[PDB]
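A.B. asks: The structure follows.
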Protein chains: 2
Amino acid sequence: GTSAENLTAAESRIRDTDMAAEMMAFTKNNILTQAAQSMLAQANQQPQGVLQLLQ
Amino acid sequence: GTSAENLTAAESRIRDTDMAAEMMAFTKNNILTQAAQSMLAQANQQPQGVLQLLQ
């Protein structure tokens with residue numbers, strides 16, 4: 001029983017994930033995704049030099 | 001018999017634990033865990049500056 005509990009703890013620490021750290025990373029990546037979305041929406045509008053030609 | 005009782009008292013005081021003190025410590029640590037959980041939930045929401053970019 002003692003050995004099984006100790007090895008279970010070891011295997012948990014090796015393979016299982018901490019919820020808090022992954023939550024942090026996921027929120028960070030979502031915020032970065034939104035930022036890149038807005039930046040791309042701006043960059044698509046940036047090349048508008050049609051007022052050179054017409055008037 | 002006398003010596004056995006005295007050494008039993010000594011061994012109890014050395015190795016056995018007082019329930020009240022450990023109960024106190026456990027309640028304290030639970031309260032601290034909850035506080036840290038709430039603080040982390042707040043800190044994850046703190047970086048939201050998406051309203052700079054879009055509108």
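Values quoted throughout were computed directly from the atomic coordinates according to the rules given, and no laboratory measurement underlies them. Counting neighbours? That spans all protein chains shown, and the Cβs are built from the backbone with ideal geometry, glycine included.
A.B. asks: On average, how many beta carbons from a partner chain sit within 10 Å of the beta carbon of a residue in B:40-53?
C.D. replies: Numbers: counts 3, 2, 0, 2, 7, 1, 0, 3, 3, 2, 6, 0, 2, 8.
Going residue by residue through B:40-53 and averaging, the value is 3.
A.B. asks: What does the structure give for A:28-38 when I average, per residue, the other chain Cβ atoms found within 10 Å of the residue Cβ? If you can, show how the numbers build up before the last one.
C.D. replies: Details: counts 2, 0, 1, 5, 0, 0, 4, 5, 1, 3, 5.
Mean shielding by partner chains, rounded to a whole number: 2.
A.B. asks: What are the nm distances, shortest first, from B:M24 to its equivalents in the other copies, labels at 7 Å along Cα→Cβ?
C.D. replies: 3.3
A.B. asks: Turning to a different aspect of this structure: Tell me which B residue has its C-beta closest to the axis rotating B onto A, and the distance in Å?
C.D. replies: Here the value is B:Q55, 8.
A.B. asks: Report Rg(Cα)/(2.2 N^0.38 Å) for chain A, keeping two decimals.
C.D. replies: Details: Rg = 25.1 Å, N = 55, 2.2 N^0.38 = 10.1 Å.
Relative to the rule-of-thumb radius for its length, chain A sits at 2.49.
A.B. asks: Can you give the convex hull volume per residue for the Cα atoms of the protein assembly as shown, as a whole number of Å³? If you can, show how the numbers build up before the last one.
C.D. replies: Values: hull volume 16.3 nm³, N = 110.
Spread over its residues, the Cα hull of the protein assembly as shown gives 148 Å³ apiece.
A.B. asks: Just from its helices, what would the mean residue ellipticity at 222 nm be for chain B, if runs of 4 or more DSSP H residues each count -39500 (n - 2.57) and the sum is divided by every residue, rounded to the nearest 500 deg cm²/dmol? Mind showing how you got there, number by number?
C.D. replies: Numbers: 2 runs with 41 residues, N = 55.
That comes out to -26000 deg cm²/dmol.
A.B. asks: Residue farthest toward the positive end of the dipole of the protein assembly as shown, with Cβ of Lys/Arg at +1 and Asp/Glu at -1: which of B:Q48, A:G49, B:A10?
C.D. replies: A:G49
A.B. asks: Calculate how steeply helix B:19-45 sits against the longest principal axis of the alpha-carbon atoms of chain B, using the helix alpha-carbon long axis, and give the answer as 0 to 90 degrees to the nearest 10.
C.D. replies: The two axes meet at around 10 degrees.
A.B. asks: Taking the Cα centre of chain A as origin and charging only Cβ (+1 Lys, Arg; -1 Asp, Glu), how large is the dipole, in debye to the nearest 20?
C.D. replies: On the way: 3 positive and 5 negative charges, 64 e Å.
Around 300 debye, computed over chain A.
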